[PDB]
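A short write-up of the structure that comes next.
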Amino acid sequence: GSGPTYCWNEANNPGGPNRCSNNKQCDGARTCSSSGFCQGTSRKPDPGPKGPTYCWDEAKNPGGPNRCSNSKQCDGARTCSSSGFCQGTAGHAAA
């Protein structure tokens, strides 16, 4: 996508891991090649520190989607509430 604050899991793409027809199917700053594979460096470091370049799929969390005991289980800048829910904005780019 557009830059390192864009998060996308390439594993599940159409046609197979890392396959693409457009830049939005590539993680971070990666882009789609003429041979239909994502290419480039998503971000450095990867994974990012907590903040907008931290990519985490909360659907797969312990206890259920969007549940947490620590903020590393929350996407982006999100943190873990006292009630064990991820909260706030992730801060990711939309594309």
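Ordering of the structure tokens sets the chain letters (A, B, ...); residue numbers start at 1 within each chain; ligands are numbered from 1 in the order shown.
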For residue 73 of chain A, list every protein, DNA or RNA residue within 7 Å, evaluated using only C-alpha atoms, and leave out those in the same chain fewer than 2 positions away; present the list as a PyMOL selection string.
chain A and resi 56+58+61+68+70-71+75
Can you list, as number ranges by chain, all residues belonging to chain A that DSSP tags as strand (DSSP E or B)?
A: 19, 31-32, 37-39, 67, 79-80, 85-87
Kindly provide the residues of segment 32-88 of chain A that approach segment 6-24 of chain A to within 7 Å, each paired with its closest atom pair and their distance in Å to one decimal, based on only C-alpha atoms, listed by chain and increasing number, as a Markdown table.
| residue | atom | partner | partner_atom | distance |
| --- | --- | --- | --- | --- |
| A:32 | CA | A:23 | CA | 5.0 |
| A:36 | CA | A:20 | CA | 5.0 |
| A:37 | CA | A:19 | CA | 4.5 |
| A:38 | CA | A:18 | CA | 5.5 |
| A:55 | CA | A:7 | CA | 5.6 |
Selected residue of minimal separation from residue 47 of chain A among A:76, A:95, A:81, A:89, counting only C-alpha atoms
A:76
